[PDB]
């Protein structure tokens, strides 16, 4: 059942505003950990911290029982950490394949800082084969040469998860992939989520609320104002924890 990632009271500040007041989690192996909370509670901050993007003012982060606190995102790549980045504008001007090919130009690193080491896209024998394999898996076989701009929101998010796949991570980090989408697509993003969970990959997803994908969740952790206000790790634990009075109040609006 072992744990794979645990923080030790993560704190953060943005001027005078303490965006995180010692956040301690329990991400683990093969689990589909989802952190939800209204906007402002610091959900995308705990992430930039866990990924190294934003520094921990005071606290720790352990992966495989190791201190990775404050390590560079480019450092974490070799530990097993990777994050799903929204595809940039100059990036949406290149095909789906290449958009995953760059996922290796710089692994565990920003699509910006990855493609910025690209003089001419790496059409090496192994990278092509690996990509196209991943393009079939994600059911995005038929779009290998479609510009990424021509991709719907749905077709897009999976090419972004593929880009993050082009490293072969032990854990992937997603910040609101279904947040906003139609219910048909919610299951779609999450479909592959279980298609990769059964391949040995651990997820750290983050959504505003948890409505549609409750039957997937392996572990829930709610957040309000930089802290953890409730937690479930089972269907009834989570249902109760969502339909928990104070927990359904912060979502009245």
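Positions refer to the first chain, counted from 1.
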Between the two ranges 188 to 196 and 222 to 230, the one averaging a larger CA B factor in the entry:
222 to 230
Would you tell me which stretch averages the higher CA B-factor in the PDB entry, 21 to 29 or 239 to 247?
239 to 247
Among 211, 64, 57, 207 - the residue whose C-alpha B-factor is largest in the record:
64
According to the Cα B-factor stored in this entry, which of the following is highest: 72, 98, 175, 150?
72
Based on the deposited C-alpha B factors for this chain, I'd like to know if residue 68 is in the lowest, middle or highest third.
highest
Considering every modelled residue of the chain and its Cα B-factor in the PDB entry, is residue 88 in the lowest, middle or highest third?
highest
Select lowest, middle or highest to describe the third in which the CA B-factor of residue 139 falls within its chain in this entry.
middle
Taking the values exactly as deposited, rank residue 183 by C-alpha B-factor within its chain and report the matching third: lowest, middle or highest.
middle
Ordered by C-alpha B-factor within the chain, which third holds residue 168? Give me lowest, middle or highest, please.
middle
